[PDB]
């Protein structure tokens with residue numbers, strides 16, 4: 008009798024590289040370099056697309072950011088034409104403030120409990136339209152209650168009851184004209200001082216015309232602080248002051264009671280697709296150890312290499328005939 | 357549909373043998389792996405063994421390394437597990453579980469991919485290993501003495517389980533039937549209770565209906581205030 | 161040959177909140193790690209495999225993560241039907257091992273209602289006496305029962321068991337049985353169950369005198 | 012391969028063997044047959060899966076790093092940031108290239124090895140009852156029906172049973 012020993016072969020072999028040979032055919036191989044993205048920055052993740060919403064706007068509530076005031080997110084996507092503000096102004100320490108928010112997890116809001124006696128608090132503007140002229144959702148605009156009436160020296164203290172450090176934002180208003188300040192807040196010296204156990208500073212309006220944006224020569228500037236638990240922020244002002252109505256609490260400081268921990272905030276021009284590794288080209292699978300898509304990455308990512316392909320043999324040498 | 361059905365099991369004396377079948381029905385072409393996992397009531401899960409292709413496993417846990425042996429009959433599509441030299445701690449609910457692997461592994465379709473996760477679990481077959489000797493329960497009243505509690509104590513039976521209903525299943529609200537406890541005699545005892553309006557005691561009859569199928573014993577016990 | 165330890169043994173989480181579980185594993189393990197949701201009276205169901213890749217058609221609220229040694233499992237939006245027990249397995253040592261198990265709870269503190277039952281005359285004729293103490297519909301699960309016979313603390317002659325959390329009201333109940341011989345039971349007068357529980361400002365005793373009612 | 016079986020004394024692979032990687036083909040009185048060897052097949056597959064387990068699904072988390080694209084000329088510091096990243100990529104590109112070349116050489120050698128082991132094991136089984144024809148085939152010097160062939164494949168072949176018949180056939184004129 009005859010007994011022959013042998014091995015299999017396939018008609019469709021794959022060429023791989025070895026130590027001694029540039030081109031050798033094996034029965035099967037797998038690709039080690041990820042070379043494509045689906046074109047979207049992300050399935051299985053909780054994501055929010057701010058869209059028109061600027062990110063900082065989530066804190067103080069322009070009409071844009073109406074949906075996203077109390078958002079809960081694992082992944083947060085900023086967008087390019089987004090405007091943080093309805094009435095022209097800018098945040099102090101702006102870039103630093105966003106980085107806080109991106110990694111927040113989202114934000115929870117609770118009222119600071121402020122109440123007012125003799126003032127207009129319902130200040131509205133052409134800039135925040137919203138069915139009818141309006142203001143920031145999360146703040147109150149304070150006015151004399153009778154035009155040209157000198158504004159009251161007032162004091163507010165709010166104390167951070169919660170375990171998570173609170174986020175507090177306030178405004179200084181620089182009026183369109185020296186007149187408008189007068190009409191709004193009365194006349195004479197205007198001083199605003201903000202006091203916390205780690206924080207104190209004093210602000211004064213410097214009223215003037217500035218280039219007309221959103222139809223307003225006037226500006227509002229936002230200053231923010233982080234308040235440790237059990238700490239009082241004291242607000243003292245004779246006017247020109249935009250007041251926080253609500254405190255912002257991060258979700259990744261929650262006690263596992265709202266708690267949605269640790270988000271990654273990205274900047275993307277791509278659509279979304281719910282069908283771990285992010286590149287500027289879009290998210291990429293991370294099953295492969297290497298990738299050729301982008302040297303810039305975030306997350307659990309394959310390592311960037313220059314090769315476009317690297318085949319790992321997963322079968323024996325292919326010897327047909 | 358990828359469900360499998362476990363048949364066999366029962367009460368056996370320590371030192372005896374017993375094999376459990378697993379009818380692999382459905383999507384499983386049975387070129388994929390299968391596994392056995394046992395769990396005793398009061399304990400967690402524990403992987404027992406696995407099978408692959410033909411005789412590629414040969415994969416047994418250290419607890420049963422020299423006792424259990426795993427068979428596979430692809431012609432009739434049934435997985436087996438011959439449990440020899442059974443000890444007391446072998447009493448468990450043996451589950452037959454499907455096995456799936458990432459598609460990057462499992463090069464040849466038949467052989468074993470050394471990284472499996474179980475996806476489709478079976479109904480499970482309970483195997484009890486004692487020197488016990490089946491015995492039906494005695495049923496005693498827990499007599500009530502706005503809301504009253506009454507019940508039945510079902511004592512000194514073996515093996516599990518027993519079923520308890522009240523008023524032939526007409527009384528459900530407020531019933532709690534507790535897990536049995538195992539006494540030092542090796543027999544089980546459990547209680548079933550119900551809370552009812554105090555005002556119903558005098559008009560309304562309460563009867564607990566106890567069924568112990570292993571001994572084909574059936575008891576109705578009327579529970580009266582005393 | 162490669163032990164798995166889950167932490168904690170049981171956790172209480174309000175419905176809606178995120179419940180993070182732990183699966184610490186001796187020796188490195190990354191490639192294979194599977195989470196399971198074994199509801200009482202049912203077989204385990206696969207949730208996540210590998211580490212983060214969830215099973216087919218399972219809710220997106222089940223999240224998985226971890227590497228090498230420390231592994232976590234977070235349930236985003238919790239539901240009342242998630243009262244199951246969760247386990248984690250590992251590769252490989254050619255011998256897969258399971259975890260110990262993590263019980264998940266879903267209410268207002270509630271003191272037990274406590275009832276004591278003397279042995280029936282029927283049972284006494286068979287030569288034994290079971291005295292039963294029932295602690296009904298309490299929350300949280302932690303409760304202590306002590307038995308006294310003529311004011312002497314009993315040790316070693318009781319057994320207890322506790323129900324699963326009740327779906328209808330999120331409470332637990334507990335039955336304890338004190339077992340005496342007939343001769344011993346008839347030698348003593350006062351039988352008492354003393355119950356300690358967070359919902360009770362002081363421990364509660366229910367008792368009876370043998371041969372009185 | 013370094014053992015000289017695959018692409019060596021075994022002239023070519025069998026496309027018609029689709030139930031295993033290694034196996035037996037026989038010709039006897041009852042006909043011609045083919046059967047896979049599961050143990051050697053699984054031994055090769057287990058080793059390859061061991062390699063895959065080291066490479067697949069084990070990436071490492073990075074978060075905040077350095078910038079790697081720049082919109083303005085800055086000189087010194089930007090030169091340094093670019094050089095650091097370029098250095099890192101070349102070193103990882105090297106690691107990846109060598110890893111694949113090394114693993115592949117080894118995979119081809121281990122699969123050749125498994126084939127050789129099966130051949131050597133079979134040779135020892137047959138003792139004095141067969142001769143190596145030099146192409147992976149044994150000439151068996153006795154009547155060997157299907158059950159006999161089967162006994163060789165499953166390791167229950169008793170050479171003493173056939174030895175007298177075999178020796179007479181081998182050593183004659």
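Residue numbers (our numbering), protein chains in the order written: chain A, 8 to 328; chain B, 357 to 582; chain C, 161 to 373; chain D, 12 to 184.
For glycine and all other residues, C-beta sits at the position ideal for the given N, C-alpha and C.
With 16 other Cβ atoms within 10 Å as the buried cut-off, status of residue i
i                      : result
residue 133 of chain A : exposed
residue 15 of chain A  : buried
residue 139 of chain A : exposed
residue 293 of chain A : buried
residue 372 of chain B : exposed
residue 22 of chain D  : exposed
residue 526 of chain B : exposed
residue 242 of chain C : buried
residue 178 of chain C : buried
residue 105 of chain D : exposed
residue 75 of chain D  : exposed
8 angstroms Cβ cutoff met for residue i and residue j
i                      : j                      : result
residue 389 of chain B : residue 417 of chain B : no
residue 524 of chain B : residue 462 of chain B : no
residue 192 of chain A : residue 151 of chain A : yes
residue 255 of chain C : residue 275 of chain C : no
residue 38 of chain A  : residue 313 of chain A : no
residue 345 of chain C : residue 279 of chain C : yes
residue 49 of chain D  : residue 467 of chain B : yes
residue 21 of chain A  : residue 40 of chain A  : no
residue 381 of chain B : residue 359 of chain B : yes
residue 237 of chain C : residue 223 of chain C : no
residue 454 of chain B : residue 475 of chain B : yes
residue 190 of chain C : residue 69 of chain D  : yes
residue 244 of chain C : residue 451 of chain B : no
Option nearest residue i by Cα separation, candidates the options
i                      : options                    : result
residue 267 of chain C : C/364, C/240, C/258, C/252 : C/240
residue 83 of chain A  : A/95, A/289, A/113         : A/113
residue 368 of chain C : C/359, C/196, C/360, C/354 : C/354
residue 180 of chain C : C/186, C/190, C/169, C/188 : C/169
residue 157 of chain A : A/141, A/320, A/196, A/174 : A/196
residue 245 of chain A : A/66, A/174, A/100, A/160  : A/160
residue 172 of chain C : C/316, C/339, C/331, C/365 : C/331
residue 165 of chain D : D/24, D/138, D/34          : D/34
residue 530 of chain B : B/361, B/516, B/548        : B/548
residue 552 of chain B : C/296, C/311, C/321        : C/296
residue 479 of chain B : B/370, B/367, B/376        : B/376
residue 116 of chain A : A/303, A/261, A/283        : A/261
residue 63 of chain D  : C/229, C/192, C/307        : C/192
residue 184 of chain C : C/195, C/282, C/325        : C/195
residue 11 of chain A  : D/151, D/58, D/18          : D/151
residue 298 of chain C : C/319, C/358, C/317        : C/358
residue 362 of chain C : C/311, C/284, C/272, C/319 : C/272
Segment limits, beta strand (DSSP E) that includes residue i
i                      : result
residue 202 of chain A : 199-202
residue 265 of chain C : 262-265
residue 38 of chain A  : 36-38
residue 368 of chain C : 364-369
Bounding residues of the alpha helix (DSSP H) (the contiguous stretch that carries residue i)
i                      : result
residue 130 of chain D : 87-137
residue 60 of chain D  : 49-66
residue 179 of chain D : 174-181
residue 305 of chain A : No alpha helix (DSSP H) holds residue 305 of chain A; the beta strand (DSSP E) holding it covers 305-308.
residue 186 of chain A : 185-192
residue 161 of chain D : 157-164
residue 343 of chain C : 342-345
residue 66 of chain A  : 64-67
TODO: Report the residue ranges of all alpha helix (DSSP H) runs contained in full by the segment 273-333 of chain C; include only those spanning at least 4 residues, in chain order.
DONE: 281-285
Task: Continuous beta strand (DSSP E) assignments of at least 3 residues falling wholly in the segment 464-508 of chain B - done: 481-485, 494-498
- [ ] Return the chain-ordered ranges of every beta strand (DSSP E) run that is complete within the segment 82-106 of chain A and spans a minimum of 3 residues.
- [x] 82-85
- [ ] Entirely within the segment 387-458 of chain B and at least 3 residues each: give me those beta strand (DSSP E) ranges in chain order.
- [x] 390-395, 401-407, 424-429, 434-439, 448-454
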